[PDB]
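**Q** This is the structure I want to talk about, given as structure tokens.
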Protein chains: 2
Amino acid sequence: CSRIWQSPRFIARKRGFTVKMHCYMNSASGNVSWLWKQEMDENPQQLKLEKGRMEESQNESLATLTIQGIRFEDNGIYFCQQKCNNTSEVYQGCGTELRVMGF
Amino acid sequence: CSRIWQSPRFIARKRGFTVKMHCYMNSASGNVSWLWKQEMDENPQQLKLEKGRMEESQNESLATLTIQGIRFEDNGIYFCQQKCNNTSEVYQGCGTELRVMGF
């Protein structure tokens, strides 16, 4: 199968704004999901797309994840994950660090 | 083969100091090579070593790239690759990022 690329590595924004996180592939057994991680030891875990604040999007090449109303409680690193058709193995993106802040 | 794990993710250090970067793998068809990216737009372009001040070492399970007396020209992201035994696939780390300081 294909390989996935995550952008950007890091993001800092102001409380209440909006964020976009990308990932690229070719839908080779496409259909992408997003994992979240707040602690460093614990390992990534399914992100709950909170009604009216988060939305998993995806066409055939781009799989973007968009969050609005950014809360501090959103801090952490997010990874897009794809399950391969052939290899039936899971490739992970390199994730994006998220930091909310200020006025 | 084995999922490659690069560490740390991002580093900040005043110029001149030396810096080590890590890459954990399995070395099966291993023998790691290091790539470089001066910006995010650019593409992971190969790394050229310079006079005793940039040395890559490694063993059974730990490849580590070392840079002495760092400069702003060093700023960027470094990745490590390892061909795979079985697969003949090309795994790659999530690269460690570098930013040199001014004081």
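The residues of chain B that appear here are 43-145 by Swiss-Prot count, in order.
Per deposition record, X-ray crystallography, 3.2 Å.
Note: Cβ is positioned from N, Cα and C throughout, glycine not excepted.
Here Swiss-Prot flags B:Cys43-B:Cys126, B:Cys65-B:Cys122 as disulfide bond. Annotation comment: Swiss-Prot describes B:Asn73, B:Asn101, B:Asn127, B:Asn128 as N-linked glycosylation site.
Each of these features: where is it, how hidden is it, and who are its neighbours?
**A** In the three-state DSSP reading, B:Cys43 (disulfide bond) counts as coil. Residues near B:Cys43 (disulfide bond) in space but far in sequence (CB under 8 A, at least 6 apart, same chain), listed by position: B:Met67, B:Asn68, B:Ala70, B:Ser71, B:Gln124, B:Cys126, B:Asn127, B:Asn128, B:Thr129, B:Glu131, B:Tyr133.
In the three-state DSSP assignment, the secondary structure recorded for B:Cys122 (disulfide bond) is strand. Applying an 8 A CB threshold to same-chain residues 6+ apart, the list for B:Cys122 (disulfide bond) reads B:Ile46, B:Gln48, B:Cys65, B:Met67, B:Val74, B:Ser75, B:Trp76, B:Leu77, B:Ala105, B:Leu107, B:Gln134, B:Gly135, B:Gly137.
B:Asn73 (N-linked glycosylation site) carries neither a helix nor a strand DSSP state and counts as coil. Proximity of B:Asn73 (N-linked glycosylation site) to non-local residues of its own chain (separation of 6 or more, Cβ distance below 8 Å) is seen for B:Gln100, B:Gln124, B:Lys125, given in sequence order.
Neighbour count (other Cβ atoms within 10 Å of the Cβ, all protein chains): 9 for B:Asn101 (N-linked glycosylation site).
Using a 10 Å radius centred on the Cβ of B:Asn127 (N-linked glycosylation site) and all shown protein chains, the other Cβ atoms total 14.
Of all Cβ atoms in the shown protein chains, 8 besides its own fall within 10 Å of the Cβ of B:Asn128 (N-linked glycosylation site). Under the DSSP three-state reduction, B:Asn128 (N-linked glycosylation site) is assigned to coil, being neither helix nor strand.
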